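To start, the structure itself, in structure tokens.
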Amino acid sequence: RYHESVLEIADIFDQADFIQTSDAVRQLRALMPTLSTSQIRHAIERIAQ
Amino acid sequence: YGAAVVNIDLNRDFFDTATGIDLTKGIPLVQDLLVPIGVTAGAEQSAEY
Amino acid sequence: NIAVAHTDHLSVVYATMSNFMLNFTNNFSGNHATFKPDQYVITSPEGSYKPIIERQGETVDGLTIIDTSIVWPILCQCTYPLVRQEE
């Protein structure tokens, strides 16, 4: 009887100084399509460009 | 004395396309950013947003 | 940088492949200790004895020998299909 469910560190570390857990961003991430290092990184190139 | 509907956009004049934001449709919408990987021709919009 | 396409994309082609018509037999079971292949001997009362998986040095075909140096070009310099933002 296993529910192999991922635990959002955010949902086990309410220490605001270093883990934006703002309910508001609590959902922007849910909205996002599974990332990656390449994309997280690519946004940076683009957000910055 | 005619107006029909009065939405509350997001002041297009401030978020000029110098912020790469194509705001017409209703919502923001930058082009190349947190794009998903490995998907058909479209699919790059559920989150273009 | 690589697991993004590698675990997510190589993995599937692999699974689909685990089901190919011919790739029969068994290759593993995730356990390094214990798992030992199953042996098959074509035995015959008339004194025949030719096992299927016999060990006999490097053949001419060119498969027998495994070469681990292949890890680097795959790991360091080999572009991917879903890595740099192809379809």
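Chain labels A, B, ... are given in the sequence in which chains occur in the structure tokens; within each chain residues are numbered consecutively from 1, and ligands are likewise numbered from 1 in the order shown.
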
Worksheet entry | 12 Å contact set for residue 8 of chain C, only C-alpha atoms, chain neighbours under 3 positions out, as a list in words |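 Contacts, with the query itself left out: residues 34, 35 and 36 of chain A; 37 and 38 of chain B; 2, 3, 4, 5, 11, 12, 13, 14, 15, 81, 82 and 83 of chain C.
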
How close does each residue of chain B get to chain A, giving the shortest atom pair and distance in Å to one decimal for every residue with an atom at most 9 Å away, counting only C-alpha atoms, sorted by chain and residue number, as a tab-separated table?
```
residue	atom	partner	partner_atom	distance
B:32	CA	A:46	CA	7.0
B:33	CA	A:43	CA	4.8
B:34	CA	A:43	CA	5.6
B:35	CA	A:39	CA	7.1
B:36	CA	A:33	CA	6.0
B:37	CA	A:35	CA	8.6
B:46	CA	A:33	CA	8.8
B:47	CA	A:32	CA	6.5
```

Worksheet item: Could you pull out all residues of segment 3-65 of chain C with a DSSP call of strand (DSSP E) and give them as a ChimeraX atom specification?
Response: /C:41-44,48-51

Just the selected residues (C-alpha atoms), exported as a PDB file, in the first residue's frame, please.
```pdb
ATOM      1  CA  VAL C  41      22.806 -27.170 -22.659  1.00  0.00           C
ATOM      2  CA  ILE C  42      21.583 -28.948 -25.800  1.00  0.00           C
ATOM      3  CA  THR C  43      22.165 -32.430 -24.340  1.00  0.00           C
ATOM      4  CA  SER C  44      21.565 -35.556 -26.118  1.00  0.00           C
ATOM      5  CA  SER C  48      26.074 -34.352 -27.761  1.00  0.00           C
ATOM      6  CA  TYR C  49      26.848 -31.474 -25.541  1.00  0.00           C
ATOM      7  CA  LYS C  50      26.753 -28.004 -26.920  1.00  0.00           C
ATOM      8  CA  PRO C  51      25.831 -25.297 -24.455  1.00  0.00           C
TER       9      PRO C  51
END
```

Worksheet item: Any idea what the distance is between atom CA of residue 25 of chain A and atom CA of residue 22 of chain B?
Response: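 Taking atom CA of residue 25 of chain A and atom CA of residue 22 of chain B, their separation equals 22.6 Å.
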
Worksheet item: Between C:85, C:16, C:7, C:26, which one has atoms that come closest to chain A, using only C-alpha atoms?
Response: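 Using only C-alpha atoms, chain A sits closest to C:85.
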
Worksheet item: Suppose you want the space between atom CA of residue 23 of chain C and atom CA of residue 57 of chain C; what is it in Å?
Response: 22.5 Å
